[PDB]
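Taking it in order: structure first as structure tokens, then the write-up.
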Number of protein chains: 2
Amino acid sequence: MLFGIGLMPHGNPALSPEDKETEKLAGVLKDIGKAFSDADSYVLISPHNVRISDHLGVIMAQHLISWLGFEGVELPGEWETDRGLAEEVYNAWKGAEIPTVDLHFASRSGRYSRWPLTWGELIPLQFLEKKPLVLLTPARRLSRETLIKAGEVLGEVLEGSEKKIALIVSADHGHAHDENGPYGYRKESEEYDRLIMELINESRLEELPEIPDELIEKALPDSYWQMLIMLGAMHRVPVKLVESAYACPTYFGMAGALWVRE
Amino acid sequence: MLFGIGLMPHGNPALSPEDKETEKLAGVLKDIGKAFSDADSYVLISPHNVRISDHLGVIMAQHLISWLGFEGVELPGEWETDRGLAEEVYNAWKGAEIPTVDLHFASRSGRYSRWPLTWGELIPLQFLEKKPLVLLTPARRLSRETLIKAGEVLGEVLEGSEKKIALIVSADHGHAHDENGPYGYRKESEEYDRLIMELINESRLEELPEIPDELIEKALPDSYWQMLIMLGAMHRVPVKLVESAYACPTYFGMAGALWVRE
Ligand SMILES: [Zn+2]
Ligand SMILES: [Zn+2]
Ligand SMILES: [Zn+2]
Ligand SMILES: [Zn+2]
Ligand SMILES: [Zn+2]
């Protein structure tokens, strides 16, 4: 049963807000944590773990272990893979002809069956009560249609499970908001970010696939691909927006949003 | 140019020999290091990193970072990927219809482009002069034919490269050589190890694909799959055995072997 979806950022400021917009953002993330505290498991889609051009990753390793923070911000901790659910996701994707790989590491069981986590996962996880997880990774060379279809099949698996599951979508938006930022300034970053927030807030996420590659290439978001998977899941489980917040304290846009069962 | 091939173990005793057989093994491993000291890059096939059922992995991440030693033996260190060579291997496998994935992590380049190393890589690397590496991973659910073809295609890439390249195959053999080991004692471990050393020493590795599933299942080696890839490379680049050694100090077979161009 898919009882909620949380769109969560993976920027360090979310953990240490320095302005009122980022504080409101953190408030939403804390509310996501509260909303999902009675989940049995989480499914987490992250763009900053393993990245394959043309296959969606399903991590099978037993132990998910903090490894790589952003800009030296270490968030130590260990989570456990929900192996049964991970296998269900992988098998459903295989059956639906969605390109996917089953990712084990070192050993297939025991303490050596482990997989590294990065800030892409660790920052959202700071706000959530510890539960077993399935870590999934998007693939940027898959078509919009394939990503949406992957989300639909994912939603089927999560909804059909006897477990109460929350879907966590880790995503930051345009990365060129400041001339002094690492990607410099591009006006398209704000265009993308404002569009995403309108789609979220006005419950118009069905328009996500219509965003042209041109805007995406220029805006430099990380969010688009996993948000298409999210849209697919929303096709199978009616949800409603509870709240949302956007903040851009430095050079990149961050959003938090909570949807619950309608 | 494929300059040579080194079969190397990934057991802790190889780094700290406590008997004559293991000392002889370490000598061969040191000879491999010496023989390949003038190489430009290494290609390393390991069974204890990422493991996908049905796709060969090509690690693209820029920085290869020690993460997971075996049984407390940490071997800290950092290596760099030969990204140009890694791309050549991936592209050639794709072209030849060898199932393969391009494995990036966190970021496509720069500081966060990092991939974890385990004892499967770190132990052989202790014997080699530091050079850029391409890390590859076998897949145990691919057919013998596909694994051999993958090695043939790999051999062609390494041979056609302007660089002087050594292929390193990380491999331990049967794992049931001691009643007190994690798998107890099984005569099939001896049978498999004896056969592998026979095929190496008599230069009859062409017989590798004839080893029955039952023997492999009972002997519990990790070596078989990557040795089939190795065989494929030998198909394309004629090599000759220089030296070999076997040791089984604890519960698992280890071999070192050096082949150079015929
Ligand atoms: Zn990001
Ligand atoms: Zn409007
Ligand atoms: Zn595939
Ligand atoms: Zn091993
Ligand atoms: Zn014989």
Side-chain angles (χ1 to χ4, degrees), chain A residues 10 46-61 63-73 87 90-91 94 99-122 135 137-142 170 172 175 182-183 220 222, chain B residues 10 46-73 87 90-91 94 99-122 135 137-142 170 172 175 182 220 222:
Chain A
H10 52 250
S46 174
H48 288 305
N49 200 271
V50 56
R51 296 169 62 165
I52 302 169
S53 58
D54 59 6
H55 286 76
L56 305 179
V58 180
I59 287 70
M60 299 301 188
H63 310 297
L64 307 172
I65 297 180
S66 174
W67 192 53
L68 181 55
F70 191 72
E71 287 177 358
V73 176
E87 290 192 2
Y90 171 79
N91 286 336
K94 289 291 293 299
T100 183
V101 287
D102 61 307
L103 295 153
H104 279 275
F105 188 89
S107 174
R108 303 181 67 88
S109 72
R111 290 301 303 167
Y112 299 96
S113 180
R114 60 177 60 201
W115 192 272
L117 296 179
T118 77
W119 76 91
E121 306 89 58
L122 296 164
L135 179 60
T137 64
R140 296 197 182 178
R141 294 308 190 189
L142 295 185
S170 178
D172 288 351
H175 282 79
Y183 305 84
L220 301 172
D222 67 64
Chain B
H10 52 253
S46 171
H48 288 302
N49 200 274
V50 56
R51 294 165 66 165
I52 303 171
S53 61
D54 58 5
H55 284 76
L56 304 182
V58 183
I59 285 66
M60 295 304 181
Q62 186 174 336
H63 309 294
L64 304 177
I65 310 300
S66 171
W67 190 43
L68 183 59
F70 194 67
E71 288 179 343
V73 176
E87 290 172 349
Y90 172 76
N91 290 335
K94 290 290 292 299
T100 183
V101 288
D102 60 314
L103 298 153
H104 277 281
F105 190 85
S107 179
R108 295 190 68 86
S109 62
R111 179 184 164 183
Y112 301 103
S113 182
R114 295 165 60 87
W115 191 272
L117 295 182
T118 76
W119 75 93
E121 306 89 57
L122 295 166
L135 179 61
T137 62
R140 302 194 176 176
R141 301 294 184 84
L142 292 183
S170 180
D172 286 350
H175 283 76
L220 298 165
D222 68 64

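Proteins get letters first, then strands, A, B, ... in listed order; numbering begins at 1 in each. Quick note: numbers below take in every heavy atom, side chains included, and nothing from hydrogens, waters or symmetry partners.
- Taking every heavy atom of both residues into account, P116(A) and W67(B) meet most closely at N-CH2, 3.6 Å.
- The parts of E71(B) that come within reach of chain A are both its backbone and its side chain, each placing non-hydrogen atoms under 4.5 angstrom from that chain.
- Proximity to chain B is absent for every atom of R111(A), based on heavy atoms less than 4.5 angstrom apart.
- Using a 30° and 60° split on the angle between ring planes, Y112(B) and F70(A) fall in the parallel class, below 30°.
- Listed options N49(A), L103(A), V50(A), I65(A) were ranked by heavy-atom pairs under 4.5 angstrom with chain B; first place goes to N49(A).
- Both the backbone and the side chain of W115(B) have a heavy atom closer than 4.5 Å to some heavy atom of chain A.
- At a 4.5 Å heavy-atom cutoff, the contact between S53(A) and chain B is made by backbone and side-chain atoms alike.
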Inset, instruction - Start with the C-alpha distance between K94(A) and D54(B), add both sets of side-chain angles, then the distance that settles side-chain contact (heavy atoms from CB on, under 4.5 Å), and finish with yes or no. - result: CA-CA 12 Å; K94(A) 289 291 293 299; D54(B) 58 5; 3.9 Å; yes
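- Contacts of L68(B) with chain A are made by side-chain atoms alone, with heavy-atom separations under 4.5 Å and no backbone atom involved.
- Note that CZ of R140(B) is 8.0 Å distant from CZ of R108(A), once rounded to the nearest 0.5 Å.
- For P47(A), the part sitting under 4.5 Å from any heavy atom of chain B is the backbone (N, CA, C, O) and nothing else.
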